[PDB]
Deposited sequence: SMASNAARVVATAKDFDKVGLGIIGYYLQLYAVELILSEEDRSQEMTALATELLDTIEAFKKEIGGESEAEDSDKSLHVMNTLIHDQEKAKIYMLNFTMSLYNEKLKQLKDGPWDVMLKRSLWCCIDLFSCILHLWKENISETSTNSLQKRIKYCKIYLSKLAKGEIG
């Protein structure tokens, strides 16, 4: 239920690192961490995850606090905007695919990634996002979850 939502994120985070988008996967992790530590009913398995996540998280920031980009890890303002610009370019590219492009499992994965990126941005930076912008993002997530269902029911397939 919960450990699944976090598990997805953590999986995607690792994928983003292995491809070389470290800063993105960084925040995805930090996000997954808050996600786990938010459940008052923690379980052995998740606790080990929090630790593993924090360990990685720390190592990453330490190695950057090379010296040109630090600002994306120290300035949550710039980090939020960089994260948003990246997620948005991906999101917008995927909308078009929903119209003309192919409707395969890659799209399904791509849309969940968008949902997690958006979710990450909203969770990590609440008091930094315009009430107008929050709604926008909350809507983009819903849009994903909608066509995601349209795929499971073959409606768009």
{"query": "Missing residue ranges, deposited sequence indexing starting at 1", "finding": "66 to 76"}
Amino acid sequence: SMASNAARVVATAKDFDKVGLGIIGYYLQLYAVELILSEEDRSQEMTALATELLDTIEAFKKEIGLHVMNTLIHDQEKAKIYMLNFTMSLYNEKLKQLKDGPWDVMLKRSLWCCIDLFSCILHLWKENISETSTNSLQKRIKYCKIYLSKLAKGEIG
From here on, numbers count along this sequence of modelled residues.
item: Per the entry, higher mean C-alpha B factor between 36 to 44 and 108 to 116; value: 36 to 44
item: Mean temperature factor over C-alpha atoms, higher-scoring stretch between 52 to 60 and 94 to 102; value: 94 to 102
item: Most elevated Cα B-factor in the entry, residues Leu66, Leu30, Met88, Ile121; value: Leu66
